[PDB]
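J.: Once you've had a glance at the structure underneath, I'll fire off some questions.
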Ligand SMILES: Nc1ncnc2c1ncn2[C@@H]1O[C@H](COP(=O)(O)OP(=O)(O)NP(=O)(O)O)[C@@H](O)[C@H]1O
Ligand SMILES: Nc1ncnc2c1ncn2[C@@H]1O[C@H](COP(=O)(O)O)[C@@H](O)[C@H]1O
């Protein structure tokens, strides 16, 4: 099945993707992960995202759209996949029709705005995997270390409170209309839609999710 995780930054998309990927076995394809890798390794494709990411602005449609298509082909998109962070704008929405990528479920995690800052400043990730944790809301079993490999956890460059305030404006201005969008694809029959409550505890959003899924 193909799935799109739609939501505000810090709503909990990455955290649940891990579980959907482990459980269902469909690969997890996230743009922000991709882009952060391209600029670190110095990649021709995506290495330009550096500055925009840092500013908290969204990267250009035409560059994100290429990363995706390039991934959807690399021997795994057949069991289907999970879009963790895409599409982010209507034009990004549109390229998926005009390329033929359909989907089965569109999950919107709703989480109040007043909740984002503290969820992003407590964020610690394991880049070599994408595992996220929260020093306070979902700390790792051993402090400052990943559970699976014993490795050191770091923090995203764009997880400064001022930047996330920039990130919410963009999101309200460009990504939020996608809710209405897939609400429409739903009404026509091209996919299934379901709003989940991202303020519940980690173990509680997964259940709800499994409850929608199967
Ligand atoms: N259900 C939850 N309740 C409390 N804390 C959570 C919950 N879900 C995730 N978190 C934490 O909050 C931060 C945001 O969750 P994360 O899963 O990384 O979100 P994200 O939606 O993928 N954001 P972004 O990657 O910027 O688009 C991480 O620190 C998580 O540990
Ligand atoms: N689909 C996208 N379109 C535009 N920018 C994106 C996109 N996906 C990720 N990025 C960039 O990555 C930054 C952080 O992504 P994320 O890891 O989803 O929170 C966002 O501020 C964007 O700059």
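Using N, Cα and C of the backbone, Cβ positions are placed for all residues, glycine too.
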J.: Looking at ATP binding as recorded in Swiss-Prot, which candidate out of 192, 200 goes with 10, 11, 12, 13, 14, 15, 123, 132, 133?
T.: 200
J.: Name the one residue among 78, 165, 167 that Swiss-Prot lists for the same AMP site as 31, 36, 57, 58, 59, 85, 86, 87, 88, 92, 156.
T.: 167
J.: Which of the recorded positions 10, 14, 123, 133, 192 has its Cα closest in space to the Cα of residue 57 (AMP binding site)?
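T.: Going through 10, 14, 123, 133, 192 one by one, the Cα closest to that of residue 57 (AMP binding site) is 10.
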J.: In sequence order, which residues at least six apart in the same chain have a CB under 8 Å from the CB of residue 31 (AMP binding site)?
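T.: Expected: 64, 67, 68, 84, 85, 86, 88.
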J.: Among the binding-site residues listed here, 10, 12, 14, whose Cβ has the fewest other Cβ atoms inside 10 Å?
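T.: Looking at the binding-site residues 10, 12, 14, the Cβ with the fewest others within 10 Å is that of 14.
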J.: When you measure from each Cβ to the nearest atom of ligand 1, which of the recorded positions 57, 88, 123, 192 fall under 6 angstroms?
T.: 123
